[PDB]
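Colleague: Sequence plus experimental coordinates follow:
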Amino acid sequence: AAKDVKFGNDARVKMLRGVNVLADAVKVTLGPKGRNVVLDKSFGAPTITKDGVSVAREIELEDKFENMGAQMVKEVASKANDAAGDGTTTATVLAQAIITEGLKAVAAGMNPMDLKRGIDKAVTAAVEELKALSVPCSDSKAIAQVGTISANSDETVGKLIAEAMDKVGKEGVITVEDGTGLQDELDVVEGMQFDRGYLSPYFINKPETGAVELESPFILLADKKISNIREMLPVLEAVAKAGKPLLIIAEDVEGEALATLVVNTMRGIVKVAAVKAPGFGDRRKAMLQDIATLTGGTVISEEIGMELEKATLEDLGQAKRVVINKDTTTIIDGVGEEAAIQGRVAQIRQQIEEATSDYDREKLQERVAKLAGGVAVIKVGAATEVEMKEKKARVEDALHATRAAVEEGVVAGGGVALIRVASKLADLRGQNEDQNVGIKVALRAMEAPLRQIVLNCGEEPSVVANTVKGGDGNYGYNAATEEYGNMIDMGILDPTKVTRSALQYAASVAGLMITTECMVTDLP
Amino acid sequence: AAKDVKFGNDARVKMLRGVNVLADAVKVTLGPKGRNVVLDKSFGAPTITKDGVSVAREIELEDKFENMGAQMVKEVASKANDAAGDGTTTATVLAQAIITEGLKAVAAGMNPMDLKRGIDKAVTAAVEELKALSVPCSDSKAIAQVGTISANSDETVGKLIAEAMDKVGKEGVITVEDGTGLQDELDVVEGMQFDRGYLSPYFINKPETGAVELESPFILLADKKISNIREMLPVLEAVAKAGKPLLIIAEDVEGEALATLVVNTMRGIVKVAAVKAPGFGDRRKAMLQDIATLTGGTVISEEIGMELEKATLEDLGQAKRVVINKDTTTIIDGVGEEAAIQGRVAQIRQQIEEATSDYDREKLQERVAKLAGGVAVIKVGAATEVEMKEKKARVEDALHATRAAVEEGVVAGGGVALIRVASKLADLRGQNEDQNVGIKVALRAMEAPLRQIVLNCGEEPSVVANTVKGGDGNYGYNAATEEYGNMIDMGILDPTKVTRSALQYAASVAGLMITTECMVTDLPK
Amino acid sequence: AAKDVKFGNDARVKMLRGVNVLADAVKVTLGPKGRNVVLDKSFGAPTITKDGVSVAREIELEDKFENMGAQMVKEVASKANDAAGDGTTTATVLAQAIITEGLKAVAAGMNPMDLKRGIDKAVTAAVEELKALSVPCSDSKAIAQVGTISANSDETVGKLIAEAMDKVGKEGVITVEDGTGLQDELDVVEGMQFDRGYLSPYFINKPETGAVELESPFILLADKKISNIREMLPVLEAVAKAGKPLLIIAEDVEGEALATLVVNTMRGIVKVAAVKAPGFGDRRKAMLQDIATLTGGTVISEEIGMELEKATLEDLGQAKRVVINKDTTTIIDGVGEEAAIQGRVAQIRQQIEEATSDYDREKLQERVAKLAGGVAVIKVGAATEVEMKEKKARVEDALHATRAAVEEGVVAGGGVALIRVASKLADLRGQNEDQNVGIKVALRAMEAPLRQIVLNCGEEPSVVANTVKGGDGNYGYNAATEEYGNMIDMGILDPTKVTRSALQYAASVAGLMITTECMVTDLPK
Ligand SMILES: [Mg+2]
C-alpha cells in the first residue's frame, strides 16, 4: 500500500510527541504519592489504576508516526519488567528524558551517532557505579527482609521466600500456587523449567499474570516441526476423552497446526498450549528425553521412524500443573517414576566423566541440575479466597524481586541510586564535544525518576535532587515520610538488576530514536 | 484501537461534568418532597419514577470522558445499596459535593494526595461519631418499628419481619415468596444459604429482583471444574426427562460448559443455573457434603474416582425452591431426611470438641448453624395479585433495612445524622494545611443531603442547616411536616449502616477522582 | 446507549409542547360541531374522522422529549375510555389545561408539590359535587332512554339494551354479535367473564373496538408460566391444521413464548391470543377449573404432573366466540355439558355453606354468579350488511354508556357538569397559598371542555361559560341548538362515571408532569 514517509526533524518531533503521551501518562503513577489513571473498558465501569504497566498497554495513538514513537518505547521498556519484574515505568521516564534532550542536541547541530556513543558510555559507567553502590543480599535474614519489603511489609511472605530458597537453593526453581486452607505449605516435587515461552499469546488463560496454567495436563513430546493438524487428530481425540489439557513440546509448531490450536483452544473445545523444545541441535534431542523421563512419557522421534498418528495416550507424559509465560515454561510434579529419573541422572553423571569438552560438561551439569533439583511449590494460605488470591499475588511479585536481589543486590530506591551514580560521573568525557553532550544528556536524564516522584508528592524537585546529590552512598529522600537518610535502612530500595535494566533499555531505544532520519508508515 | 488521552484539569473537569449530570438527575428525587424523573422506554409509554436507583441505571453520556466520570460514581454508589439496601442516591449526592469542592481546591494549588488524606481522616472520624449517635435495635418491639417505617408505615410488615427473626434468629435466613391467598404465612423449613452468586447474568428469570428462581429443581454436586459439556450430557438428558430445572454446584463452571448452559437455558430446552461451591480447599469439600445431606443428594467427587457420566437422577439432590442473586444462593426445603441431617449436625459438633484452634471451631459452628438453622419462609398475602406483588416488594425492602438496623442500629434520617456528625468535627485537623482543607471539604459535603432535601421542599437550605447544627443529638428537621425535633421520635431514621456505607463509598470514589491525572478512552470513532 | 438529559423548565416546556400537539389535534373533534381530522394510512386514500381516540393513536412526535409528553397523556387518557367507554378526549383537553396553567405557576415560583396537592384536593371535592349533581338510572325506562341517547336517538337500541339487562341483570354480562338477518335476537348462553386482558396489543384483530375476537376457538388451560415456545410446539401444530384460532389462559405468558405468538399471529400463520389466568394463588387454580368445566376442556396442572407437550386437542376446551380487550376476557357459549356445569355450581354452593369467613362466601358467590349467570348475546339485525355493522357499533357503544350510567348515574353533558361543579368550589382552600393556586388551576381547567365545544361551534366561549355558571343544577348550553335549559331534559348528558374518570385521570398525569424535574431519553442518533 502507499506509504507516508517523513524525514529529519519532521519525523523526530512526531516520534517525540508520541513518547510524551506514553511517558506523561505513566509517570503520574510513579512514587508513593503516585496519582491514578482511569482506563476505560466500555463494558462495565472504568478501571482506576496506579500500575504504569497497565496504562502503557492501553496507549495507542491515532497519528501513525506518533504511535510508532510510543510503541518503540513500550516494546523496549517492557523488557525491563521481563528481566527484573519491575522498572518499565522507570525505563519510560528515562527514555523520555534522554530523547527530549537528545533531540534538542540534534537540532542544535550535534552529530546523532556521537550523541548515542556519549550516552552509552555514560550508561556503562553508571552501571559500574551501581555495582559499587549495590549492597549484597545473601544470608537468609536479608532475603527475608527484601521479600518483606517487596511484599508491602509482610514478614510472612519474606519468611516463605527465605524458606523456599533454602530448600531448592538460590538458583532453584520456585513456584506459587493457591492454598488449600489457612496454613501455608512448602513442598519440593519432581519438576523442571526451561527457557521457552508460549508460541501464541492466545493460549493465555490467566491474563492477570499473563501466563498459561494447565491443570493435570498431558504432555506431547515430538522431535519434529508440526505444521499440519492432520497428524494431531488421533492424539487430540484421545486427549478430548478423559477431558484434560494438552501441552505440546515440539521442535516447533507453526502454520495451520498453530492456527487450529489457537482457535480450538479459544472456542473451548480442547484446552491446548504449545511451546518449542528447549535448546537446539543434539542438546534439544537430549532434553526432550529428560522431559519424557520426568513426565513419564515417550518421545515421538521421526528419526527412528515413529509417526504422530500412532501416538497413544500412553505415549503422552503428564504432570500436576504447567505454567507458561512469554519466556519460560515450568513443569510441576511429573508422574515419572523415581527409579527412572534417578536412573537418567546417574546416566548423565556418567556422561560428565566421559566429557572431552568443558562446554559439553557444563551443558550436562545444567541438565542434571534440572532433573535432580526439582521444583519448590509454595501454597499460599489465607482465611478467605479473596485474601488468598491477593496474598498469592504479593508472594509472586516479591519472589521475582527477591530473586533479582540475590543476583545483583539492592540499591537505594525512590530514584536515588540513579541520581547518586550520575553525581559520581561529572568528569566523564568522550572523544569529542558531541559525545560529551551525549554524556551530560544521560547524566541529567538519570535525575528524571527522582524529580518525578518528588513532583507527584508536591515538593520542589530541584531542591530535593540538589540535597540528595549533597549526600553520599545510599543517602536519599524518603518521599513517603519526607525525611532524608539511609534509603536501605528506611526500607526504600530496588534490586540493582531493576535499576540497571531500566537504564540500559531506556538508553537503548533513546539511542535508536536519536539516530533516526526516516520513518515509513501507511497513509490515514 | 487509537485512544484519546486527557490530563490534569482538562480530564478532571470532564470527569466532574459527567458526575453532575448523574447527581443532578438523581438528587431531584431525594427527600419526602422529591420530584419525578421521566425515563423513556424504547417501546411503550415512559416511566415516571422517584427511585434514584432506576434513574442512575439509565445514565450514560455521549462524551467518553464525562461518561467515565458518571460510571465511576454509579459503580461505587451502587455498592452502598448492595450493602445496606439503600443510600445510592445519598452516596451520589455526597460524591458530587466532595469532588466539586475537592477539584476547586486542587485548582487552588492544594496537593491532591493531601486533600484525599484529609477527607479520609474526616470520614473515619465521622463514622466513629455515627456509631456514638447510633441507637441500638435489639428487642422485637424495635425490630417491628424499623420494619414498619421501612414498609411505609405498615405495622403488618413490621410484625411479619419481627416474627420471622424470632423464629430463625437475628442472623437467621429469611426468604419472601408470593402468597397463596389473603392470609400471610410463616414457616421454617430445612434449608441453607451460602455466599455464591450466579456464574452468568443470563440465568436470571426474574428480572425484577434480578435473581434466579427454580421451582422443585434437581441439584448436582460435583467437586470438579466443569469446562466441557460432554460429561453432563447423560445428566442433562436425565433432567430433560423429569421436566424439572437443574442447579449445578461445582468447583466452577467455565468455557464451553458455561456457554452451552447459557444458550440452552435461554432457548428453553432445559432450565439450568450454575453457581460455584461455597468456600475453598478442604472446607469447600466439607460444605458440598452439607448440601448433599441437606438436599438428599450424593457428591460426585473425582478425588475418589467418580465420573459425571455415571451420574444418575438418584445422585442428584432436590429442594422445593432455589433463589440465586449476584452474591448469594438460597436452598429452600431440602428433601434430606431428618435423621441424616441431625446425624451430620451431631458429627460436626463432635468435630468442635476435637478442634484445637479457635478458628476451626468458629468455622464448624458456622456450618452447623446453616444445617440446623434452617430457613424462614414468608408468604405475603393480599386481596389482589397487584396488591400482593406490591406488598411483597415492601416486605423484601423492609427486611433488608431491618437487618441493617440490627447490625449497626439506627440514626436520624433526613440527612441530619451526617450534618450532626460534621458539626462535632469542627476542631479536627490534619498534618498540614492541605489536609485541613480536605477535612473541611468533607465536613461541608456532609450537609449536601439535608440541603438537597430542604431544597426539594422549597425552603431555604442554609437556614435549616444552620438551625440543625445549633441542636444536639438526633435533633433535626422533619422535611415532611416542616417541624424540628427528635428525628427518631418523629419516625424519620436510617440504618446506621446505610449512612455509613453511603459516606464511605462516596468518599472512596471522590478521593480517587481528586487524585487522577490521566484518562484513557477510545476515540469518538 | 448515550442518553440526552434535560432538567427543570427546559424539560417541562418540551413536555408541554408535545401535549399541545396531542391535545390540539384531538380537541378539534370535541362537541356536536366538531371538526374533521385527516389521518394518512399510507395504503390507499386518507381516513377522515371525528373520533379523538383514533387521532390520539396516530400521534407520535419526532422530538424525543415532546413525544414523551404526548405519550404520557395518551396512556392515562386512554384509561378513562377503558373504564367508562368515553372521556379520553375530555381527559386530554383537561390535562392540557391543568398542565399549561400548572407550569405557568411553577415558573412563577410556586412549589410543584403543593400545586399538585391543591389540584388533587380540588378534584376530590369536584367528584363529590358530581355525585350530588348526578341523576340515578335504575328503572328500565331510564336505561332505555340513556341507551337511546347513546345510540344517537335510536329507540330500538335503547329497547334492546333494556331487554338484555332485564334477562341477565344490571351486573350481568352482555355481548353483541352480527345479525343473521333483519330481525334482532337475544339469547342467554353458557359463558363467563374475568378481569384479564390481552398480554400484547398486537393480538388485536378488531382495531375499531381495540379488542380481540376469535371465532370458534380452542382454549388452552395451563396453571404454569409459559416462557418458551418449545412446549407449545405439539399443541400449536394441531390448531393451525384444525383451521381454528387458539386462546391461551395460563398463569402468565412471557419471554420467547409471547414474542413468537406475537409475530406468528401477525404473520397470519396461526391466530393466537394469550391472557393471564384470573385471580392468584389457590383461587386462581379453582377458577381455571371453572373455565375448564365451562369450555369442556381439561386443565394442564404441572402440580399433578401434566405436561404441555402431551396436550392433545381433546384436552383443549372450546367456545363459539371469545372477546378480549385491555382489561377483560369474555368466553361466549362454552361447549361444556349442562350436567358438568350444574354439577360444579352445586359443588360451590356446598362450599358456601361450609364457608367460615364472610370474605370466602363473597368470593364463592362471585364464582357461582358467573357460571350460573351465563352471558346475554345480542344479534343486531338490519336490511343491509353495511347498516348491520353500523348499527352493531352503535349498540356496542350505547351498551358501555348505559352500563356506566347504571353504576354512577348521569350528569349534564356538553361539558356543563364540570363547569357547574367548579362554580360550587369557589371557597375551597388549602394549607398554603401554593395549594390555593393549585385549586384555582384545576377549577379553571374544568371549563376547558365546554369552552372548546363552544369554540368549535363558532360562539364566544367566555360568554357561554359565563351564562352557564349563572344557572344551577343541570342547567347548561345545548351547543347543537344554541339554546339554554335543562341538559338532561334536552337529552345532552354523560354518565357520571365518564366525567369523573376523565377528570381524575387528567389530574393524575397533570400532577406528575408538574412535579417533573428531569427527563432521560436516547439521542437523535
Ligand atoms: Mg366508547
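Modeller: Sure, I can see it. Residues are numbered from 1 along each chain as shown, chains lettered A, B, ... in the order given.
Colleague: now do the same end-to-end measure for stretch A:299-313.
Modeller: Using C-alpha to C-alpha, to the nearest Å, one end of stretch A:299-313 lies 12 Å from the other.
Colleague: now do stretch A:239-255
Modeller: 21 Å.
Colleague: Okay, strands next: where are they in the stretch 101-250 of chain A?
Modeller: Counting by DSSP state E, counting those that start in this stretch, the segments of the stretch 101-250 of chain A that form strands are A:174-178, A:185-189, A:191-194, A:212-215, A:218-226, A:246-253.
Colleague: Quick check: residue A:14 vs chain B, distance?
Modeller: From residue A:14 across to chain B, the span is 14 Å (C-beta to the nearest C-beta, to the nearest Å). The way it works is simple: take the backbone N, C-alpha and C, and place the C-beta from them, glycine included.
Colleague: sorry, that was for residue A:201
Modeller: Applying C-beta to the nearest C-beta to residue A:201 and chain B gives a distance of 18 Å.
Colleague: Identify each buried residue in stretch A:331-351, please.
Modeller: Residues of stretch A:331-351 classed as buried by neighbour count (16 or more other C-beta atoms under 10 Å in any protein chain shown): A:331, A:332, A:333, A:334, A:336, A:341, A:344, A:345, A:348.
Colleague: and the closest residue to residue A:203 other than its chain neighbours, how many neighbours does it have?
Modeller: Of all residues not flanking residue A:203 in the chain, residue A:273 sits nearest, at 4.3 Å (C-beta to C-beta, 6 or more residues apart in numbering or on different chains). Residue A:273 has 26 neighbouring residues, counting by other C-beta atoms under 10 Å in any protein chain shown.
Colleague: domain ranges for chain A?
Modeller: A:1-134+A:410-524, A:135-190+A:372-409, A:191-371 (CATH domains of a matching chain).
Colleague: Can you tell me which of those domains is most buried?
Modeller: Scoring the domains of chain A by mean neighbour count under mean count of other C-beta atoms under 10 Å in any protein chain shown gives domain A:1-134+A:410-524 as the most buried, with a mean of 20.
Colleague: Next, the distance between the ends of it.
Modeller: Distance across domain A:1-134+A:410-524, first residue to last, is 11 Å (C-alpha to C-alpha).
Colleague: is any part of it close to chain C?
Modeller: No - Domain A:1-134+A:410-524 is not in contact with chain C by C-beta under 8 Å from any C-beta of the partner chain; minimum separation 11.6 Å.
Colleague: secondary structure element for the spatially most central residue of chain A?
Modeller: Geometric centre of chain A, nearest residue: residue A:82, 1.3 Å, by C-alpha atoms, centre = their mean. Counting by DSSP states H and E, the element that carries residue A:82 is helix A:64-84.
Colleague: That helix - contacts with which helices or strands?
Modeller: Where contact means 3 or more C-beta pairs under 8 Å, 6 or more residues apart in numbering or on different chains; DSSP states H and E, helix A:64-84 is packed against strand A:3-7, helix A:8-26, helix A:52-58, helix A:88-108, helix A:385-408, helix A:496-514, strand A:518-522.
Colleague: on that earlier part again, among the buried residues of stretch A:331-351, name the ones in strands.
Modeller: Here DSSP state E is the test, and those give A:331, A:332, A:333, A:334 as lying in strands.
Colleague: picking that back up, Three-state assignment for the residue nearest to residue A:203, please.
Modeller: strand (DSSP: H, G, I helix; E, B strand; the rest coil).
Colleague: For it, give its distance to residue B:173.
Modeller: Residue A:273 sits 44 Å away from residue B:173, taking C-beta to C-beta, to the nearest Å as the criterion.
Colleague: these two touch, right, residue A:283 and residue A:363?
Modeller: Yes - between residue A:283 and residue A:363 a contact is recorded at 6.1 Å, counting by C-beta atoms under 8 Å.
Colleague: In the stretch 251-400 of chain A, what residue lies closest to chain B?
Modeller: residue A:268 (3.6 Å; C-beta to the nearest C-beta).
Colleague: Give me every residue in chain A lying close to chain B.
Modeller: Residues of chain A lying near chain B (C-beta under 8 Å from any C-beta): A:21, A:24-25, A:28, A:33, A:35-40, A:42, A:44-46, A:48, A:55, A:58-62, A:67, A:178-182, A:215, A:243, A:267-269, A:271, A:383, A:385, A:388, A:456-458.
Colleague: Now do the contacts for residue A:47.
Modeller: Listed by C-beta atoms under 8 Å, 6 or more residues apart in numbering or on different chains, the contact partners of residue A:47 are A:38, A:39, A:40, A:41, A:54.
Colleague: Skip the chain neighbours and tell me the closest residue to the second one.
Modeller: Spelled out, that is residue A:39. residue A:47 (4.3 Å).
Colleague: now the third one
Modeller: Take residue A:40 and drop its neighbours on the chain: the residue closest to it by C-beta to C-beta, 6+ apart is residue B:521, 3.8 Å away.
Colleague: Against chain C, how distant is the one you found?
Modeller: Residue B:521 sits 13 Å away from chain C, going by C-beta to the nearest C-beta.
Colleague: Hmm, residue A:74 is touching residue A:25, no?
Modeller: No - using C-beta under 8 Å, residue A:74 is not in contact with residue A:25; the gap is 11.1 Å.
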